[PDB]
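One structure below.
Within every chain, numbering begins at 1; the chains are lettered A, B, ... in the order of the sequence lines, protein sequences first and strands thereafter. Any value given below was found using the heavy atoms of this structure, including those in side chains, with hydrogens, waters and symmetry copies removed.
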Amino acid sequence: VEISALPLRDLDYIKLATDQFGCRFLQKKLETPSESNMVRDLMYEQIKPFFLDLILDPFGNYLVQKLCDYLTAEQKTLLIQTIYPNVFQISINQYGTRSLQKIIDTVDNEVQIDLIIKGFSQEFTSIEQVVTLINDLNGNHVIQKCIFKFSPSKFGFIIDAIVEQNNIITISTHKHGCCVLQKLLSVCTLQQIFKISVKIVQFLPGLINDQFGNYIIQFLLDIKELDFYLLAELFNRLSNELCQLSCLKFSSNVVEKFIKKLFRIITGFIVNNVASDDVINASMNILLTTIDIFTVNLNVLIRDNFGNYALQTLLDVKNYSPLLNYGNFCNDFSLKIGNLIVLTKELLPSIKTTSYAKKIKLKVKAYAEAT
RNA sequence: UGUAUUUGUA
């Protein structure tokens, strides 16, 4: 009110910074073209010893963020030089996370990025602390910002934290961690995906029927570059428990996605008469083996609250109609799937009670109409 | 008959 009458040279910037209306006033001044540079430079010299304090402040964080839109490269580098050792403390802070996201979002150069990355390194931030950040209500937004803003060549501290011991569990089975991990996997390098997948496969039993972990397995199954090993690797680890996994709430979805993936690979090959040959040969043997397992365990699966979905997915002629040495396979498939259909039809009166009997009957009928 | 989305910081 009378503050606006004073010359900028005489303002008490640190006091204004932590005050709501003082802070709004400074932001307006930064948005004032005639005075922007001068208020920026004057403010900067007075508030620089308090960079960390302001970043964490309920009102100061708004000033710091605004400042990011106006700071010179020199000014921003000095700011980052001041606070990089404190990135953990900042990231878990409800105000700090907003400040740091903005800072990352407006980096000028590689020097600034490397300083930030240095702060997240083990010199200043422990692996345990990085895991905490990944799962933290506030911190996970900072990790995600790094993931989308920085080159994957900088992802070292994140990869290291994930693959350490059993941290893959701690992260994949967490509400926030599961989402962060998917973001990471969508942009990181193939070799970085491999290192994480090794750990995911190693701890598969603690992931496959987890409420969040199951989404991670499914995410891997959508990465085509993993086909050459992931299919066989997953099936080798799980084949003996395939029926039980099919009958559980969360893992049943993983089974369905796995089966649909097998169908899509094999049919895509046949349409072209596209995945590599070895991916295709592997898929054929697993599908046939899967049909055998579902055939043996048909009585449990058709009756189970979750298993019936996996069964229906395997039975759906929409998934495999082109399938009705590709010559020998297509012949073996038609035989095994036809046998499963007739066994299913025989069982229909035994599940008359269930609400999904008609759906299974329709699929049986659809098979007949196609053959 | 079947699963996740955090942030409306003044």
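The side chain of A/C179 approaches B/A4 more closely than any other nucleotide in the set B/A4, B/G2, B/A10. Distance from the side chain of A/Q218 is smallest to B/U3 among B/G2, B/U3, B/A4. Relative to the side chain of A/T97, the nucleotides B/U7, B/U6, B/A4 differ in distance, and B/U7 lies closest. Side-chain proximity of A/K175 to the nucleotides B/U1, B/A4, B/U9 is greatest for B/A4. The side chain of A/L137 has B/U6 as its nearest neighbour among B/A10, B/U3, B/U6. In this structure, of B/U9, B/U1, B/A4, it is B/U9 that holds the atom nearest to the side chain of A/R98.
For A/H176 against B/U5, a side-chain-to-base donor-acceptor contact under 3.5 Å is absent. The base of B/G2 sits with one of its N or O atoms less than 3.5 Å from a complementary donor or acceptor on the side chain of A/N253. Side-chain N/O atoms of A/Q182 and base N/O atoms of B/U5 include no donor-acceptor pair closer than 3.5 Å. Side chain A/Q312 to base B/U1: a donor-acceptor pair is found below 3.5 Å. Not a single donor-acceptor contact under 3.5 angstrom links the side-chain atoms of A/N305 to the base of B/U1.
Between the side chains of A/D105 and A/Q101, no donor N or O sits under 3.5 Å from an acceptor N or O. Using modelled atom types and a 3.5 Å distance limit, the side chains of A/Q89 and A/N93 yield no donor-acceptor pair. In the model, A/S197 has a side-chain atom that pairs as donor or acceptor with a side-chain atom of A/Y229 under 3.5 Å. A/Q218 and A/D222 form no side-chain donor-acceptor contact under 3.5 Å, judged by distance and modelled atom types alone. No donor-acceptor contact under 3.5 angstrom links the side chains of A/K48 and A/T82, judged on distance only. Looking only at atom types and distance, the side chain of A/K195 has no donor-acceptor partner in the side chain of A/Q192 under 3.5 Å away.
In this pair, A/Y62 lays its aromatic ring flat on the base of B/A10, centres within 5.5 Å and planes under 30 degrees apart. In this pair, A/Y215 lays its aromatic ring flat on the base of B/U3, centres within 5.5 Å and planes under 30 degrees apart.
A/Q101 places its CD atom 11 Å from the P atom of B/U9, with the value rounded to the nearest Å. Here B/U9 presents its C1' atom at 10 Å from CG of A/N138, a figure rounded to the nearest Å. Rounded to whole angstrom, the span from the CG atom of A/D136 across to the P atom of B/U7 amounts to 11 Å. Regarding A/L362, its CG atom lies at a distance of 16 Å from the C1' atom of B/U1, rounded to whole Å. Remark: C1' of B/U1 and OH of A/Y356 are 7 Å apart, rounded to the nearest angstrom. The CG atom of A/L100 sits 18 Å away from the P atom of B/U7 (whole-angstrom rounding). If you measure from atom NE2 of A/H141 to atom P of B/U6, you get 9 Å, rounded to the nearest angstrom. If you take CG of A/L248 and P of B/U3, they are 14 Å apart, rounded to a whole angstrom.
OP1 or OP2 of B/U3 lies within a sub-4.0 Å distance of a side-chain N or O belonging to A/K249. For B/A10, the OP1/OP2 oxygens have no side-chain nitrogen or oxygen of A/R24 closer than 4.0 Å.
Looking at heavy-atom distances under 4.0 Å, A/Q94 makes no contact with the nucleic acid at all.
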